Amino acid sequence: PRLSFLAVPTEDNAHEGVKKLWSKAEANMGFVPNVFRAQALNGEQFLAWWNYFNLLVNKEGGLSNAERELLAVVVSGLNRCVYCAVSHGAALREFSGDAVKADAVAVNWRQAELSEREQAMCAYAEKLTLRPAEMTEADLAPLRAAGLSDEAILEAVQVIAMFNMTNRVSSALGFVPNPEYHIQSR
């Protein structure tokens, strides 16, 4: 299938750290995420990007995985990125155990049954995605009312902005999510 609008590195010409990541992804999930193939055309840039993204979104931090995937799903729905919508909706279904909530939040978090902290985080994510020029200090007040430390607030801001980046990369270059994501934790 056509993974990208640009050339995709093959096993022959790929960076060897890209190939090591391919083998690790296949040992761990049964497939290689198509982003790992498409975006890896520039090897060292891709490896640095993956280092940062993996540390911020997947590894342990100030926010739970469920909260990060909630932010990811809201942002990807707003920017209308199919790759991130599908894959991180699968991730949110897995980490939350509530497929109904994931499906609702993917469309409109206002029409989901969310905690007050989830509501604050989703409103903040939507404002930062759609109207970045209008951010004020007062916008942090709900987040602090929900018990988010400054470290957690920095992490959440990073996640929202990082998905504003990945949405643009994937939509500009025509990335396609793996079929496996559609059936996961459904």
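Numbering starts at 1 and follows the sequence shown.
Of the two segments, 133-141 and 23-31, the one listed with the higher mean B-factor is 23-31 (C-alpha atoms only). Between 70-78 and 87-95, the higher mean Cα B-factor belongs to 87-95. Sort the modelled residues of the chain by CA B factor and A172 lands in the lowest third. The entry lists a Cα temperature factor for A102 that places it in the middle third of the chain's modelled residues. Sort the modelled residues of the chain by CA B factor and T10 lands in the highest third.
Per the PDB record, residue ranking by Cα B-factor puts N51 in the lowest third of the chain. Annotation for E126: C-alpha temperature factor in the lowest third relative to the rest of the modelled chain, per the entry.
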